[PDB]
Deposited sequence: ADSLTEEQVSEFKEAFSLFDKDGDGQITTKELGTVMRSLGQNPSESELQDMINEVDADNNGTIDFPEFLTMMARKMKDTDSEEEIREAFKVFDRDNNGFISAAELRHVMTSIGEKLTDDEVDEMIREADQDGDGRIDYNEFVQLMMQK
């Protein structure tokens, strides 16, 4: 709740426009965004509000957390994932084949087609 209001203040009425929202989204890290924007028009045609912002963000929606995610993916449950099963999940959520080949190249020095993600987490930081 705080995080939304502080990143809503940064980018001073409290009624904000769609372009400013696009900038907020970019700041965090396209068509779907405007789809989220377009589900309240009674209040104002080109602007929205902070309760509406909570609404549309939930309707969309540190070190340890990034650590966790690797354990989430690991079906073996042993610290080691298939590198091509990592490729696939970098493809599907999509967030460049060359970037995935470079990032898998860093971790591909293991050599067995598998990845120890604890070491690679520490490397990544």
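Stretches of the deposited sequence absent from the structure, as judged by C-alpha coordinates, are 1-8, 20-22, 41-44, 77-80, 115-116, 147-148.
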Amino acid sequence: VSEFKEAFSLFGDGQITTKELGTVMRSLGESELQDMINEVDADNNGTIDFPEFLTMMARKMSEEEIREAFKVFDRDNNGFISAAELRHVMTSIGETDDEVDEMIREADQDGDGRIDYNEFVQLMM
From here on, numbers count along this sequence of modelled residues.
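Comparing the C-alpha B-factors of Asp76, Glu39, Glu30, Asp49 in the entry, the top value falls on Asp76. When the CA B factors of the chain's modelled residues are split into thirds, the value for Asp35 lands in the lowest one.
Ranked by C-alpha B-factor against the other modelled residues of its chain, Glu63 falls in the middle third. In this PDB entry, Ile16 carries a Cα temperature factor that places it within the middle third of its chain's modelled residues. Among all modelled residues in its chain, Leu86 ranks in the lowest third by Cα B-factor. For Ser92, the recorded CA temperature factor ranks within the middle third of the chain's modelled residues.
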